[PDB]
>>> print(open('start-v8.csv').read())   # CSV, C-alpha atoms and all ligand atoms
chain,number,residue,atom,x,y,z
A,443,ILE,CA,-19.3,-3.2,82.8
A,444,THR,CA,-19.1,-2.8,79.0
A,445,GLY,CA,-21.6,-0.4,77.3
A,446,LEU,CA,-23.1,-1.0,73.9
A,447,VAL,CA,-25.0,1.4,71.7
A,448,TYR,CA,-26.9,0.4,68.6
A,449,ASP,CA,-30.1,1.9,67.1
A,450,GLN,CA,-31.7,0.6,64.0
A,451,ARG,CA,-32.8,4.1,63.0
A,452,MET,CA,-29.2,4.6,61.7
A,453,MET,CA,-30.0,2.1,58.9
A,454,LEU,CA,-32.3,4.7,57.3
A,455,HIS,CA,-29.4,6.5,55.6
A,456,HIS,CA,-29.3,4.9,52.2
A,457,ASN,CA,-28.1,5.3,48.6
A,458,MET,CA,-31.3,5.7,46.5
A,459,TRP,CA,-29.5,5.2,43.2
A,460,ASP,CA,-27.2,2.3,44.1
A,461,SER,CA,-28.8,0.1,46.7
A,462,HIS,CA,-25.7,-2.1,46.6
A,463,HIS,CA,-23.3,0.6,47.5
A,464,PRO,CA,-20.9,-0.9,50.1
A,465,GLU,CA,-21.7,1.5,52.9
A,466,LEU,CA,-24.9,-0.5,53.6
A,467,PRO,CA,-27.6,-0.1,56.2
A,468,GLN,CA,-27.0,-3.7,57.1
A,469,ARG,CA,-23.4,-3.1,58.2
A,470,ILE,CA,-24.8,-2.1,61.6
A,471,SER,CA,-27.6,-4.7,61.9
A,472,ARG,CA,-25.2,-7.4,60.9
A,473,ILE,CA,-22.7,-6.4,63.6
A,474,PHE,CA,-25.5,-6.3,66.2
A,475,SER,CA,-26.8,-9.7,65.1
A,476,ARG,CA,-23.4,-11.2,65.5
A,477,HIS,CA,-23.2,-9.9,69.1
A,478,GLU,CA,-26.6,-11.5,69.8
A,479,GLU,CA,-25.5,-14.8,68.2
A,480,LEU,CA,-22.3,-15.0,70.2
A,481,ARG,CA,-24.3,-14.1,73.4
A,482,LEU,CA,-22.2,-10.9,73.9
A,483,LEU,CA,-25.2,-8.5,73.8
A,484,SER,CA,-26.7,-9.7,77.0
A,485,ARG,CA,-23.3,-9.3,78.7
A,486,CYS,CA,-23.3,-5.5,77.9
A,487,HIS,CA,-25.2,-2.7,79.3
A,488,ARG,CA,-27.3,-1.0,76.6
A,489,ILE,CA,-26.7,2.7,76.2
A,490,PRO,CA,-29.3,4.7,74.3
A,491,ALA,CA,-28.7,6.6,71.1
A,492,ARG,CA,-29.6,10.3,71.0
A,493,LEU,CA,-29.3,13.1,68.5
A,494,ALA,CA,-26.3,15.3,68.7
A,495,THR,CA,-27.4,18.9,69.0
A,496,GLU,CA,-26.3,21.6,66.5
A,497,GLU,CA,-24.4,23.2,69.4
A,498,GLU,CA,-22.5,19.9,69.8
A,499,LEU,CA,-21.8,19.7,66.0
A,500,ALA,CA,-20.2,23.2,66.3
A,501,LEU,CA,-17.5,21.8,68.5
A,502,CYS,CA,-15.8,20.7,65.3
A,503,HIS,CA,-17.8,21.8,62.3
A,504,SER,CA,-18.5,25.1,60.6
A,505,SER,CA,-21.9,26.7,60.7
A,506,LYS,CA,-22.1,26.6,56.9
A,507,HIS,CA,-21.4,22.8,56.8
A,508,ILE,CA,-23.9,22.0,59.5
A,509,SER,CA,-26.5,24.2,57.7
A,510,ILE,CA,-26.0,22.4,54.4
A,511,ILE,CA,-26.3,18.9,55.7
A,512,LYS,CA,-29.2,19.9,57.9
A,513,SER,CA,-31.0,21.3,54.8
A,514,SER,CA,-30.7,17.9,53.0
A,515,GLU,CA,-33.4,16.4,55.3
A,516,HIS,CA,-36.1,18.2,53.3
A,517,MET,CA,-34.6,18.0,49.8
A,518,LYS,CA,-36.0,16.2,46.8
A,519,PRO,CA,-33.8,13.6,45.1
A,520,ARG,CA,-32.7,16.2,42.5
A,521,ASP,CA,-31.3,18.4,45.3
A,522,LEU,CA,-29.9,15.3,47.0
A,523,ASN,CA,-28.1,13.6,44.1
A,524,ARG,CA,-26.7,16.9,43.0
A,525,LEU,CA,-25.6,17.9,46.5
A,526,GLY,CA,-24.0,14.5,47.2
A,527,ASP,CA,-22.1,14.7,43.9
A,528,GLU,CA,-20.5,18.0,45.1
A,529,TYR,CA,-18.5,16.1,47.7
A,530,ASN,CA,-15.8,13.4,47.3
A,531,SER,CA,-17.6,10.0,47.7
A,532,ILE,CA,-20.9,10.9,49.4
A,533,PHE,CA,-24.5,9.8,48.9
A,534,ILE,CA,-27.3,11.5,50.7
A,535,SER,CA,-30.9,10.5,51.5
A,536,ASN,CA,-33.5,12.5,53.5
A,537,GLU,CA,-32.5,10.5,56.6
A,538,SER,CA,-28.8,11.0,56.3
A,539,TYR,CA,-28.6,14.1,58.6
A,540,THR,CA,-30.6,12.4,61.3
A,541,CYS,CA,-28.5,9.3,61.1
A,542,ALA,CA,-25.3,11.3,61.4
A,543,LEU,CA,-26.7,13.1,64.4
A,544,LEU,CA,-27.6,9.7,66.0
A,545,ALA,CA,-24.1,8.3,65.3
A,546,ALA,CA,-22.6,11.3,67.1
A,547,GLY,CA,-25.1,11.4,70.0
A,548,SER,CA,-24.7,7.6,70.5
A,549,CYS,CA,-21.0,8.2,71.0
A,550,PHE,CA,-21.5,11.2,73.3
A,551,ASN,CA,-23.8,9.1,75.6
A,552,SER,CA,-21.2,6.3,75.5
A,553,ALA,CA,-18.3,8.6,76.4
A,554,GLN,CA,-20.4,10.1,79.2
A,555,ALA,CA,-21.1,6.7,80.6
A,556,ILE,CA,-17.4,5.9,80.6
A,557,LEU,CA,-16.3,9.2,82.1
A,558,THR,CA,-18.9,9.0,84.9
A,559,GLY,CA,-18.0,5.5,85.7
A,560,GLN,CA,-21.3,3.9,84.7
A,561,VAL,CA,-19.4,1.6,82.4
A,562,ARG,CA,-15.7,0.9,82.2
A,563,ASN,CA,-15.6,0.8,78.3
A,564,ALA,CA,-18.0,0.7,75.4
A,565,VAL,CA,-18.7,-0.2,71.8
A,566,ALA,CA,-20.7,2.0,69.4
A,567,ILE,CA,-22.3,0.3,66.4
A,568,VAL,CA,-23.0,3.4,64.3
A,569,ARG,CA,-23.2,4.7,60.8
A,570,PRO,CA,-22.6,6.7,58.7
A,571,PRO,CA,-18.9,6.9,59.6
A,572,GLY,CA,-17.0,10.0,60.6
A,573,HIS,CA,-13.3,10.1,60.2
A,574,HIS,CA,-13.1,11.7,56.7
A,575,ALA,CA,-15.4,14.5,57.6
A,576,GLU,CA,-13.7,17.9,57.8
A,577,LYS,CA,-14.6,21.0,59.8
A,578,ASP,CA,-16.2,22.5,56.6
A,579,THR,CA,-17.2,19.5,54.4
A,580,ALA,CA,-18.4,15.9,54.1
A,581,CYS,CA,-16.1,13.3,52.5
A,582,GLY,CA,-15.7,9.6,52.1
A,583,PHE,CA,-19.2,8.4,53.3
A,584,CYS,CA,-18.8,10.7,56.4
A,585,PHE,CA,-20.9,13.8,57.2
A,586,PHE,CA,-19.7,14.8,60.7
A,587,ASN,CA,-16.6,13.6,62.4
A,588,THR,CA,-18.1,11.5,65.2
A,589,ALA,CA,-14.8,10.6,66.9
A,590,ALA,CA,-13.5,14.1,66.8
A,591,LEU,CA,-16.8,15.4,68.1
A,592,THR,CA,-16.7,12.8,70.9
A,593,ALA,CA,-13.3,13.9,72.0
A,594,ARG,CA,-14.5,17.5,72.3
A,595,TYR,CA,-17.7,16.4,74.0
A,596,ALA,CA,-15.7,14.5,76.5
A,597,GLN,CA,-13.6,17.6,77.2
A,598,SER,CA,-16.8,19.6,77.6
A,599,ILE,CA,-18.0,17.4,80.4
A,600,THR,CA,-14.7,17.0,82.2
A,601,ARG,CA,-12.0,19.6,81.7
A,602,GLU,CA,-11.0,21.3,78.5
A,603,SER,CA,-7.5,19.8,78.4
A,604,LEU,CA,-8.6,16.2,79.1
A,605,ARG,CA,-6.1,14.0,77.3
A,606,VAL,CA,-7.9,12.0,74.5
A,607,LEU,CA,-6.1,9.4,72.4
A,608,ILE,CA,-7.8,8.6,69.1
A,609,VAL,CA,-6.4,5.4,67.5
A,610,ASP,CA,-7.7,5.1,63.9
A,611,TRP,CA,-7.2,1.6,62.6
A,612,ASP,CA,-9.6,2.0,59.6
A,613,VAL,CA,-7.5,1.1,56.5
A,614,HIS,CA,-8.0,4.7,55.3
A,615,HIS,CA,-6.3,7.8,56.7
A,616,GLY,CA,-8.7,9.9,58.9
A,617,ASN,CA,-7.9,13.1,57.1
A,618,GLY,CA,-10.7,15.0,58.9
A,619,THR,CA,-9.5,13.9,62.4
A,620,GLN,CA,-5.9,14.8,61.6
A,621,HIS,CA,-6.9,18.2,60.4
A,622,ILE,CA,-9.4,19.0,63.2
A,623,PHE,CA,-6.7,18.3,65.9
A,624,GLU,CA,-3.6,19.1,63.9
A,625,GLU,CA,-2.7,22.1,66.1
A,626,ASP,CA,-3.9,20.5,69.4
A,627,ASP,CA,-1.8,18.8,72.0
A,628,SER,CA,-4.8,17.6,74.1
A,629,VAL,CA,-6.0,15.1,71.4
A,630,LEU,CA,-3.3,12.7,70.2
A,631,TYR,CA,-4.2,11.3,66.8
A,632,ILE,CA,-2.6,8.0,65.7
A,633,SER,CA,-3.6,6.5,62.4
A,634,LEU,CA,-2.5,3.3,60.7
A,635,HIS,CA,-3.5,3.3,57.0
A,636,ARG,CA,-2.8,2.0,53.6
A,637,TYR,CA,-0.9,4.8,51.9
A,638,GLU,CA,0.8,3.6,48.7
A,639,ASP,CA,2.9,6.8,48.4
A,640,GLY,CA,-0.3,8.9,48.3
A,641,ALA,CA,-2.2,6.7,45.8
A,642,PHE,CA,-4.8,5.2,48.2
A,643,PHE,CA,-7.9,7.1,49.2
A,644,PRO,CA,-8.1,9.9,50.4
A,645,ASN,CA,-5.2,10.4,48.0
A,646,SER,CA,-3.2,13.0,49.9
A,647,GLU,CA,0.4,13.2,51.2
A,648,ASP,CA,-1.2,14.6,54.4
A,649,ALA,CA,-1.2,10.9,55.4
A,650,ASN,CA,2.5,10.5,55.3
A,651,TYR,CA,4.7,9.8,58.4
A,652,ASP,CA,6.3,13.3,58.2
A,653,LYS,CA,3.1,15.0,59.2
A,654,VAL,CA,3.7,15.2,62.9
A,655,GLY,CA,1.3,18.0,63.7
A,656,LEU,CA,1.5,21.8,63.6
A,657,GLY,CA,2.1,24.5,66.2
A,658,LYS,CA,1.2,23.4,69.7
A,659,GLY,CA,0.3,20.0,68.1
A,660,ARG,CA,3.8,19.1,66.9
A,661,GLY,CA,4.3,15.6,68.0
A,662,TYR,CA,0.6,14.9,68.5
A,663,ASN,CA,-0.2,13.5,65.1
A,664,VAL,CA,1.2,10.1,64.3
A,665,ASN,CA,0.7,8.6,60.8
A,666,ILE,CA,1.8,5.0,60.2
A,667,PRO,CA,1.6,4.6,56.4
A,668,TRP,CA,1.7,1.3,54.7
A,669,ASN,CA,3.2,0.9,51.2
A,670,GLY,CA,3.7,-2.1,48.8
A,671,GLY,CA,2.3,-5.0,50.8
A,672,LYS,CA,-0.8,-6.9,51.8
A,673,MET,CA,-0.4,-6.0,55.5
A,674,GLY,CA,-1.9,-8.1,58.3
A,675,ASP,CA,-1.6,-9.1,61.9
A,676,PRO,CA,2.3,-9.2,61.9
A,677,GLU,CA,2.6,-5.6,60.7
A,678,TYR,CA,-0.2,-4.3,62.9
A,679,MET,CA,1.2,-6.0,66.0
A,680,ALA,CA,4.7,-4.7,65.3
A,681,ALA,CA,3.3,-1.1,64.8
A,682,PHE,CA,1.5,-1.4,68.1
A,683,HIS,CA,4.6,-2.7,69.9
A,684,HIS,CA,7.1,-0.1,68.5
A,685,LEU,CA,4.9,2.9,68.0
A,686,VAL,CA,1.2,3.0,69.2
A,687,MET,CA,1.7,1.6,72.7
A,688,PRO,CA,4.9,3.4,73.7
A,689,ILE,CA,3.6,6.8,72.5
A,690,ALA,CA,0.2,6.2,74.0
A,691,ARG,CA,1.7,5.3,77.4
A,692,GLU,CA,3.9,8.4,77.4
A,693,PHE,CA,0.9,10.6,76.5
A,694,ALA,CA,-1.1,9.0,79.4
A,695,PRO,CA,-4.6,9.5,77.9
A,696,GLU,CA,-7.6,9.9,80.2
A,697,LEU,CA,-9.9,8.5,77.4
A,698,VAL,CA,-9.2,6.3,74.4
A,699,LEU,CA,-11.4,6.5,71.3
A,700,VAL,CA,-10.9,3.9,68.6
A,701,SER,CA,-11.9,5.0,65.0
A,702,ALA,CA,-12.5,1.3,64.4
A,703,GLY,CA,-13.0,0.7,60.8
A,704,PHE,CA,-12.8,-2.9,59.8
A,705,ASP,CA,-11.8,-2.4,56.2
A,706,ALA,CA,-8.2,-3.6,56.8
A,707,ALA,CA,-9.8,-7.0,57.5
A,708,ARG,CA,-9.3,-10.2,55.6
A,709,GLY,CA,-12.1,-10.3,53.1
A,710,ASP,CA,-12.8,-6.6,52.8
A,711,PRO,CA,-13.7,-5.7,49.2
A,712,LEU,CA,-11.8,-2.4,49.3
A,713,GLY,CA,-8.9,-2.5,51.8
A,714,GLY,CA,-6.8,-5.3,50.3
A,715,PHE,CA,-5.3,-6.2,53.7
A,716,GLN,CA,-5.6,-9.3,56.0
A,717,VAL,CA,-6.0,-8.3,59.6
A,718,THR,CA,-7.9,-11.1,61.3
A,719,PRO,CA,-10.6,-10.9,63.9
A,720,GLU,CA,-8.1,-12.3,66.4
A,721,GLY,CA,-5.7,-9.5,65.3
A,722,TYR,CA,-8.4,-6.8,66.1
A,723,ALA,CA,-9.0,-8.5,69.5
A,724,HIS,CA,-5.3,-8.2,70.3
A,725,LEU,CA,-5.2,-4.6,69.3
A,726,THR,CA,-8.2,-3.9,71.5
A,727,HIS,CA,-6.7,-5.8,74.5
A,728,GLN,CA,-3.5,-3.7,74.2
A,729,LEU,CA,-5.5,-0.4,74.2
A,730,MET,CA,-7.4,-1.5,77.3
A,731,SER,CA,-4.1,-1.2,79.3
A,732,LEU,CA,-4.4,2.6,78.8
A,733,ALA,CA,-6.5,5.2,80.5
A,734,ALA,CA,-7.5,2.9,83.3
A,735,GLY,CA,-9.4,0.9,80.7
A,736,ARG,CA,-11.5,3.8,79.5
A,737,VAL,CA,-11.9,2.8,75.8
A,738,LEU,CA,-14.8,3.6,73.4
A,739,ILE,CA,-14.7,1.6,70.1
A,740,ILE,CA,-16.5,3.5,67.3
A,741,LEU,CA,-17.4,1.9,64.0
A,742,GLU,CA,-15.9,3.7,61.0
A,743,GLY,CA,-15.6,1.8,57.6
A,744,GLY,CA,-15.4,-1.9,56.8
A,745,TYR,CA,-17.5,-3.5,54.1
A,746,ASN,CA,-17.4,-7.3,54.2
A,747,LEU,CA,-20.5,-7.9,56.4
A,748,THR,CA,-19.1,-11.2,57.8
A,749,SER,CA,-15.6,-9.8,58.4
A,750,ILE,CA,-16.8,-6.6,60.2
A,751,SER,CA,-19.3,-8.6,62.3
A,752,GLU,CA,-16.8,-11.1,63.5
A,753,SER,CA,-14.1,-8.5,63.9
A,754,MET,CA,-16.1,-6.0,65.9
A,755,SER,CA,-17.6,-8.8,68.0
A,756,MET,CA,-14.2,-10.0,69.0
A,757,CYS,CA,-13.3,-6.4,70.1
A,758,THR,CA,-16.4,-6.3,72.4
A,759,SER,CA,-15.4,-9.7,73.8
A,760,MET,CA,-12.1,-8.2,74.8
A,761,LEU,CA,-13.8,-5.2,76.4
A,762,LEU,CA,-15.9,-7.7,78.4
A,763,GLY,CA,-12.7,-9.2,79.8
A,764,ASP,CA,-12.4,-12.4,77.7
A,765,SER,CA,-8.9,-13.6,77.1
A,766,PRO,CA,-7.4,-12.9,73.7
A,767,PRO,CA,-7.8,-15.6,71.0
A,768,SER,CA,-4.6,-17.0,69.7
A,769,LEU,CA,-2.9,-15.3,66.7
A,770,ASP,CA,-1.6,-17.4,63.9
A,771,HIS,CA,2.2,-17.7,63.7
A,772,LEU,CA,3.4,-14.2,62.9
A,773,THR,CA,5.4,-14.2,59.7
A,774,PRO,CA,8.5,-11.9,59.3
A,775,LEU,CA,7.3,-8.4,58.5
A,776,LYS,CA,6.9,-7.4,54.9
A,777,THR,CA,10.1,-5.5,54.2
A,778,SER,CA,8.2,-2.2,53.4
A,779,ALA,CA,6.4,-2.4,56.8
A,780,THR,CA,9.8,-2.4,58.6
A,781,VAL,CA,10.7,0.7,56.5
A,782,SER,CA,7.4,2.4,57.4
A,783,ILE,CA,7.8,1.7,61.1
A,784,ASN,CA,11.4,3.0,61.1
A,785,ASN,CA,10.3,6.2,59.2
A,786,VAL,CA,7.7,6.9,61.9
A,787,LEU,CA,10.2,6.2,64.7
A,788,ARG,CA,12.6,8.7,63.2
A,789,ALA,CA,9.9,11.3,62.8
A,790,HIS,CA,8.6,10.9,66.4
A,791,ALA,CA,11.5,10.1,68.6
A,792,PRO,CA,12.2,13.8,68.9
A,793,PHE,CA,8.8,14.2,70.6
A,794,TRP,CA,8.4,10.9,72.5
A,795,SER,CA,11.4,9.7,74.5
A,796,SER,CA,9.9,6.2,74.8
A,797,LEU,CA,10.9,5.7,71.1
A,798,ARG,CA,14.6,6.3,71.7
B,801,LIG,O1,-13.8,3.2,54.1
B,801,LIG,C1,-13.6,4.4,53.6
B,801,LIG,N1,-13.1,5.3,54.4
B,801,LIG,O2,-12.8,4.9,55.7
B,801,LIG,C2,-13.9,4.8,52.2
B,801,LIG,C3,-14.1,6.1,51.8
B,801,LIG,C4,-14.4,6.4,50.4
B,801,LIG,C5,-13.7,5.5,49.4
B,801,LIG,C6,-14.1,4.1,49.8
B,801,LIG,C7,-14.0,3.7,51.3
B,802,CL,CL,-10.5,2.7,48.7
B,803,CL,CL,1.8,28.0,73.7
B,804,K,K,-6.6,4.9,59.8
B,805,K,K,-3.2,16.3,67.5
B,806,ZN,ZN,-12.1,3.1,55.5
>>> encode(input="start-v8.csv", output="structure tokens", more="lines below")
Ligand SMILES: O=C(NO)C1=CCCCC1
Ligand SMILES: [Cl-]
Ligand SMILES: [Cl-]
Ligand SMILES: [K+]
Ligand SMILES: [K+]
Ligand SMILES: [Zn+2]
Amino acid sequence: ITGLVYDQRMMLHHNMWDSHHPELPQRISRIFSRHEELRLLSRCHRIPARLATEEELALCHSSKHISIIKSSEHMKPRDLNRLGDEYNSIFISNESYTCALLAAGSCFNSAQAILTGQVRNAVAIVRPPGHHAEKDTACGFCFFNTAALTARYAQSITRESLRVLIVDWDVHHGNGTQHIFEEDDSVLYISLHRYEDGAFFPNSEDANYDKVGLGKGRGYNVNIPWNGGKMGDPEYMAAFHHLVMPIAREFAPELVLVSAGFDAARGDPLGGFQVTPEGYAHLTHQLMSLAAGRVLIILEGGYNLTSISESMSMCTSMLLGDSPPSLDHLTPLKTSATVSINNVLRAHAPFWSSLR
């Protein structure tokens, strides 16, 4: 059984000064509609959304940050525009807090359904996104770090050291996720992202391949940064073959979370990349070989409504057991992508014998 969570209430978060801002309410309704239209929805078991509790938010976030976002629910626009402008790349409406709570709670219910064996895997069609949110601040369209919270929630209902792999294939580095788990060996964070030598959002060298984790977490943070190329299926398949899958198998996760942004997709207005829907299907199908198939796909970014709808629907088709669609002939890797992969291999072979 494949679970699916979607709740139209998450559309209520909106940009009251720029109704065309790309992080649109209809991102989630469009993905849901495509699942209906392809007859995937009836093949899934519907999992309800719920609000995350403040106690759950505290698994990853500071009391100050929770308080400030909570207070926004009853702010007038003046307080809201001003507050949002204090963060890097955030807009806020009175419904934003509730929607961020529903995104997180939806994922908690989904992880619970997987970990109790009610479903084998699941897909969470949620917004606002999470992976840029830090312990103490909002960033990059994200209020609370849904994926990071879901990992800690999973631990809280199983055992504290449950091995959680987070694969973040959003085109942007999940700075918040990296930081939250940087000193933690129970949550392996693997991100692929457009980097451009630190020029691409979120504009930090924290996203480079040499950031392998800190303290107990050394080895448990894997950054795969792309430079100087319009990357696509060949580069992502190669990164999975040489890095993601060998490391993941060696870690032997008990739960896999995908920070599944679809902004590396062909057609995205921001990412500049060309991963296809069939590419995302293949990535999903590979991850299903881990953790006895216990995979939760969590929407992050992705801004071409058609691209994200087709791409996420193909992921759910894989979770349901459909056979992978055929990739196009894979061109030789862009030269810089080979360099990137080899840089990560050299950084991580000390920690992961499967890379040697
Ligand atoms: O998709 C994203 N993050 O995943 C973005 C964050 C802010 C800049 C624009 C896109
Ligand atoms: Cl960007
Ligand atoms: Cl120790
Ligand atoms: K990423
Ligand atoms: K980590
Ligand atoms: Zn993104």
>>> closest_atom_pairs(input="start-v8.csv", of="range 587-652 of chain A", to="range 678-692 of chain A", cutoff="10 Å", atoms="only C-alpha atoms", output="CSV")
residue,atom,partner,partner_atom,distance
A:606,CA,A:690,CA,10.0
A:607,CA,A:690,CA,7.2
A:608,CA,A:690,CA,9.7
A:609,CA,A:686,CA,8.1
A:611,CA,A:678,CA,9.2
A:630,CA,A:690,CA,8.3
A:631,CA,A:690,CA,9.9
A:632,CA,A:686,CA,7.2
A:633,CA,A:686,CA,9.0
A:634,CA,A:678,CA,8.2
>>> closest_residue(input="start-v8.csv", among="A:618, A:571, A:709, A:659", to="ligand ZN 806 (chain B)", atoms="all atoms listed in the file")
A:571
>>> atom_distance(input="start-v8.csv", atom1="CA of residue 629 in chain A", atom2="CA of residue 561 in chain A")
22.0 Å
>>> closest_atom_pairs(input="start-v8.csv", of="chain A", to="ligand CL 803 (chain B)", cutoff="12 Å", atoms="all atoms listed in the file", output="CSV")
residue,atom,partner,partner_atom,distance
A:625,CA,B:CL803,CL,10.6
A:626,CA,B:CL803,CL,10.4
A:627,CA,B:CL803,CL,10.0
A:656,CA,B:CL803,CL,11.9
A:657,CA,B:CL803,CL,8.3
A:658,CA,B:CL803,CL,6.1
A:659,CA,B:CL803,CL,9.9
A:660,CA,B:CL803,CL,11.4
>>> closest_residue(input="start-v8.csv", among="A:613, A:733, A:760, A:739", to="ligand CL 802 (chain B)", atoms="only C-alpha atoms and all ligand atoms")
A:613
>>> residues_around(input="start-v8.csv", residues="residue 595 in chain A", least_positions_apart="2", cutoff="9 Å", atoms="all atoms listed in the file", output="NGL selection string")
:A and (498 or 501 or 550 or 553-554 or 590-593 or 597-600)
>>> residues_near_ligand(input="start-v8.csv", ligand="ligand ZN 806 (chain B)", cutoff="12 Å", atoms="only C-alpha atoms and all ligand atoms", output="PyMOL selection string")
chain A and resi 464-465+531+570-574+581-584+610-617+633-637+642-644+701-707+710-715+741-746+750
>>> write_last_selection(input="start-v8.csv", atoms="C-alpha atoms", output="PDB file, in the frame of the given file")
ATOM      1  CA  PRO A 464     -20.900  -0.900  50.100  1.00  0.00           C
ATOM      2  CA  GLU A 465     -21.700   1.500  52.900  1.00  0.00           C
ATOM      3  CA  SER A 531     -17.600  10.000  47.700  1.00  0.00           C
ATOM      4  CA  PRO A 570     -22.600   6.700  58.700  1.00  0.00           C
ATOM      5  CA  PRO A 571     -18.900   6.900  59.600  1.00  0.00           C
ATOM      6  CA  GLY A 572     -17.000  10.000  60.600  1.00  0.00           C
ATOM      7  CA  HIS A 573     -13.300  10.100  60.200  1.00  0.00           C
ATOM      8  CA  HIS A 574     -13.100  11.700  56.700  1.00  0.00           C
ATOM      9  CA  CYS A 581     -16.100  13.300  52.500  1.00  0.00           C
ATOM     10  CA  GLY A 582     -15.700   9.600  52.100  1.00  0.00           C
ATOM     11  CA  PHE A 583     -19.200   8.400  53.300  1.00  0.00           C
ATOM     12  CA  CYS A 584     -18.800  10.700  56.400  1.00  0.00           C
ATOM     13  CA  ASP A 610      -7.700   5.100  63.900  1.00  0.00           C
ATOM     14  CA  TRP A 611      -7.200   1.600  62.600  1.00  0.00           C
ATOM     15  CA  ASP A 612      -9.600   2.000  59.600  1.00  0.00           C
ATOM     16  CA  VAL A 613      -7.500   1.100  56.500  1.00  0.00           C
ATOM     17  CA  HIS A 614      -8.000   4.700  55.300  1.00  0.00           C
ATOM     18  CA  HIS A 615      -6.300   7.800  56.700  1.00  0.00           C
ATOM     19  CA  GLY A 616      -8.700   9.900  58.900  1.00  0.00           C
ATOM     20  CA  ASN A 617      -7.900  13.100  57.100  1.00  0.00           C
ATOM     21  CA  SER A 633      -3.600   6.500  62.400  1.00  0.00           C
ATOM     22  CA  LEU A 634      -2.500   3.300  60.700  1.00  0.00           C
ATOM     23  CA  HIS A 635      -3.500   3.300  57.000  1.00  0.00           C
ATOM     24  CA  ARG A 636      -2.800   2.000  53.600  1.00  0.00           C
ATOM     25  CA  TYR A 637      -0.900   4.800  51.900  1.00  0.00           C
ATOM     26  CA  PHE A 642      -4.800   5.200  48.200  1.00  0.00           C
ATOM     27  CA  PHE A 643      -7.900   7.100  49.200  1.00  0.00           C
ATOM     28  CA  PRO A 644      -8.100   9.900  50.400  1.00  0.00           C
ATOM     29  CA  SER A 701     -11.900   5.000  65.000  1.00  0.00           C
ATOM     30  CA  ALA A 702     -12.500   1.300  64.400  1.00  0.00           C
ATOM     31  CA  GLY A 703     -13.000   0.700  60.800  1.00  0.00           C
ATOM     32  CA  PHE A 704     -12.800  -2.900  59.800  1.00  0.00           C
ATOM     33  CA  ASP A 705     -11.800  -2.400  56.200  1.00  0.00           C
ATOM     34  CA  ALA A 706      -8.200  -3.600  56.800  1.00  0.00           C
ATOM     35  CA  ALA A 707      -9.800  -7.000  57.500  1.00  0.00           C
ATOM     36  CA  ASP A 710     -12.800  -6.600  52.800  1.00  0.00           C
ATOM     37  CA  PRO A 711     -13.700  -5.700  49.200  1.00  0.00           C
ATOM     38  CA  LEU A 712     -11.800  -2.400  49.300  1.00  0.00           C
ATOM     39  CA  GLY A 713      -8.900  -2.500  51.800  1.00  0.00           C
ATOM     40  CA  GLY A 714      -6.800  -5.300  50.300  1.00  0.00           C
ATOM     41  CA  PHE A 715      -5.300  -6.200  53.700  1.00  0.00           C
ATOM     42  CA  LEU A 741     -17.400   1.900  64.000  1.00  0.00           C
ATOM     43  CA  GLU A 742     -15.900   3.700  61.000  1.00  0.00           C
ATOM     44  CA  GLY A 743     -15.600   1.800  57.600  1.00  0.00           C
ATOM     45  CA  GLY A 744     -15.400  -1.900  56.800  1.00  0.00           C
ATOM     46  CA  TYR A 745     -17.500  -3.500  54.100  1.00  0.00           C
ATOM     47  CA  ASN A 746     -17.400  -7.300  54.200  1.00  0.00           C
ATOM     48  CA  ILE A 750     -16.800  -6.600  60.200  1.00  0.00           C
TER      49      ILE A 750
END
>>> closest_residue(input="start-v8.csv", among="A:541, A:500, A:494, A:508", to="residue 450 in chain A", atoms="all atoms listed in the file")
A:541
>>> closest_residue(input="start-v8.csv", among="A:466, A:546, A:723, A:567", to="residue 740 in chain A", atoms="only C-alpha atoms")
A:567
>>> closest_residue(input="start-v8.csv", among="A:759, A:523, A:587, A:669", to="residue 776 in chain A", atoms="all atoms listed in the file")
A:669
>>> closest_residue(input="start-v8.csv", among="A:448, A:668, A:794, A:651", to="residue 549 in chain A", atoms="all atoms listed in the file")
A:448
>>> residues_near_point(input="start-v8.csv", point="(-16.3, 20.0, 58.2)", cutoff="10 Å", atoms="only C-alpha atoms", output="VMD selection string")
chain A and resid 499 to 500 502 to 508 574 to 581 584 to 587 618 621 to 622
>>> atom_distance(input="start-v8.csv", atom1="CA of residue 735 in chain A", atom2="CA of residue 791 in chain A")
25.8 Å
>>> atom_distance(input="start-v8.csv", atom1="CA of residue 782 in chain A", atom2="CA of residue 641 in chain A")
15.7 Å
